[PDB]
Each structure stands twice: as structure tokens, then as C-alpha cells.
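Before any questions on how it binds or moves, here is one chain, the form deposited in one PDB entry, in C-alpha cells.
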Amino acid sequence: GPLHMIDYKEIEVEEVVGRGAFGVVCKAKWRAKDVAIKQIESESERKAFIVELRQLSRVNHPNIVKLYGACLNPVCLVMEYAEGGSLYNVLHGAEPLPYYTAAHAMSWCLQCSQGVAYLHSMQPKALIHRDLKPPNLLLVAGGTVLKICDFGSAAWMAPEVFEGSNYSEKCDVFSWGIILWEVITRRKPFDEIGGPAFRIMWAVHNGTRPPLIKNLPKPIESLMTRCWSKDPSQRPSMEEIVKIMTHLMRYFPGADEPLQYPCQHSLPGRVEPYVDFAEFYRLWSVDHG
């Protein structure tokens, strides 16, 4: 149904959970649901939320954060709270960081692709995320369920977008490619390059891509490298990514295992994965030969 108008009086505001470019976000209770609220800061975002009300209204998917509605004083969005916080944080946050498995990596990436596929399939205007990256991917259910919100980005942006060439939903497929590499290696993409953003843009615009991964199963490598293609039209669609990923999950059982084990973690042409593919090659062997 459409989005609610909400009395700010009905909202008990607890801690701040994230101050960044987006603005500020806080935990809260509302009709005793846990919620996250974000003040809309500007006249700028206030306005584009408002042109898109019919579309935001219509989004509903398990891997997209539920938008409950908005208050009008102060103007703020009211949203599903994700106790787990960002994927970026799970991957690269402050010690102590959690252990996770290849199965988790693939699952997260599958869930991301399900949510995005849905936005691409919206009728009649396909929603394109344009900013898909681990800081906008949030986790619940002990780290096992991933949810896109917000339906230095340079390291996940497709060259045609920063290049200013008019773009499609394929830009999201590029981002997802990078995300897949990121969760598998537990490395920040293009961290070696850093400097400022334009150094990355320049590099990527020149065909530079994250390093290949030792011993990555070939089908996952093919998918990943196909998502990274310069030519958007050579990238798969998300609908296709979803079905490949869904079918690979047979070889990555245990993704429903909540994060809980600790990890002390550090980094060495090519890179080792963080996750281990041995159980995959085993289960894969049983099926084939």
C-alpha cells in the first residue's frame, strides 16, 4: 500500500547508528517496531523522494529495506531497522571482525542480486540503483539476510557512469561484480590505488580491474569477469545473475549460519580468497566427476 504520514510524537529516538554523506541515521521505536530514521537534510533530496512517491510506494521485497513512511516535522524517512549494520562494516570494520564462509559470501551476493533484479523489473520505469556498494547493504538475522537500502563510490562505479555516457541498469551489474570480488577476497577494491577518487576513475576507465583470485572456481570467475566488461551490453542481466547464483547455492550450504565466530585477519599478480572453496570443489565433484 502507499507510504504513511507519521506523527513524529509516535517516535522514541535512541542512539545515532551512522553519520555520513547520506546525513544522520538513528535507532528508534515506533508502534513498538524497531526503526531507523534519517532526517532528510536538504531541499534537494526532499524534492526527489517526492517526484518518486508512486515508485517508492510500490517497492516491496525481502532484500530491500522496508520504507514505512515519513514524518513531516521534522521531515524524515522511517525505515526498517537492520540490527546487523552494513556489509562494509562486517567486511572491513573495526576489530574484532566476524568470521564468515564462502557460503555467506555467495549468499549475500545472491540476495543483493535478487533485490536489484526486482528494482530492474519495476513497471513501467525500471529503478536503477546507480550506487550499489557494501555500505548500502545491510544485514539482519545474525548476518544471514542482506537488504539493500538507499534505493567515495568510485571503486564500485562502472566506467560509463563517471564517464558521463548515458547509462542503463547494466551499471548495477558492474557494481555487483566488484562486490562479489570484495566479499570473496575480503579486500577493499582498489585500496592499493587510493590517492583521490579520480585516480581510481582513471584506472578503471583504462580497463584496470581487481586482481584475479587464486583457485576461484571457473564459473564464478566467468560471471565476475563478465560483470566487469567495459561494454555494458556484454554484462549479464540481473535476472540471469540471480538464476546462476541461485543454482550455485547447492554447492554452498550453510549460509543460514549466523555470524558469531571471531576472526583475526590480515592481508598478503593475483590474490588469495578469504573464503575457502574446497567444500565447493568437493560437492561439485560428487555431482559431476
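In case it trips you up, residue 1 is the first one in the sequence shown, and so on. Throughout, rigid core stands for the largest set of C-alpha atoms superposing within 1.5 Å between the two forms.
- In a third or more of the other entries compared, is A70 missing its coordinates? yes, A70 frequently unmodelled elsewhere, at least a third of entries.
- Query: At least a third of the other compared entries: do they leave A21 without coordinates?
  - Reply: It is, since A21 is left out of at least a third of the other entries that model both flanking stretches.
- Query: Does the deposited sequence hold unmodelled residues between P268 and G269, and if so, how many: none, 1 to 3, 4 to 9, or 10 or more?
  - Reply: In the record, 4 to 9 residues between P268 and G269 lack coordinates.
- Deposited residues lacking coordinates between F151 and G152 (none, 1 to 3, 4 to 9, 10 or more): Count of unmodelled residues in between: 10 or more.
- Would you tell me which stretch averages the higher CA B-factor in the PDB entry, 8 to 16 or 276 to 284? Looking at the recorded C-alpha B-factors, 8 to 16 comes out higher on average.
- Item | Higher-B stretch (mean Cα B-factor, as the entry records it), 58 to 66 or 31 to 39 | Higher of the two, by average CA B-factor, is 31 to 39.
- Query: Whose CA atom has the top B-factor in the entry, of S175, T144, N166, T185?
  - Reply: It is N166.
- Query: Considering only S44, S237, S229, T246, which residue's Cα atom bears the greatest B-factor as recorded?
  - Reply: Among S44, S237, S229, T246, the highest C-alpha B-factor in the entry belongs to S44.
- C-alpha B factor of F162, ranked within the chain: lowest, middle or highest third? Tercile = highest for this residue's CA B-factor.
- Is the Cα B-factor recorded for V51 in the lowest, middle or highest third of its chain? Top third by C-alpha B-factor.
- Ranked against its chain, the third holding the CA B-factor of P98: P98: CA B-factor falls in the lowest third of its chain.
- Among modelled residues of the same chain, the CA temperature factor third for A155: For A155, the deposited C-alpha B-factor lands in the middle third.
- Mind checking which third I193 falls in for C-alpha B-factor across the chain? Ranked within chain, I193 CA B lands in the highest tercile.
The protein also exists as the form deposited in another entry; that form is not presented, and the subsequent description refers to it.
- Item | Of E257, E45, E240, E221, the one whose Cα moves 2 Å or more between the shown form and the other one after core superposition | If I go through the list carefully, the shifting residue is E45.
- Query: Relative to the superposed rigid core, does the CA atom of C71 travel 2 Å or more between the shown form and the other one?
  - Reply: Yes, the C-alpha moves 2 Å or more.
- Core-superposed comparison between the shown form and the other one, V13 Cα displacement 2 Å or beyond: No: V13 shifts by under 2 Å between the shown form and the other one.
- Determine whether the C-alpha of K33 shifts by 2 Å or more between the shown form and the other one once the rigid core is superposed. Yes, shifts by 2 Å or more.
- Message: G23 and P96: their C-alpha distance differs by 3 angstroms or more in that other deposited form. Do they come closer or move farther apart compared with the shown form?
- Response: Relative to this form, farther apart in that other deposited form.
- Query: Since the CA distance of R46 and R130 differs by 3 Å or more in that other deposited form, is it closer or farther than in the form displayed?
  - Reply: Farther apart in that other deposited form, by 3 Å or more.
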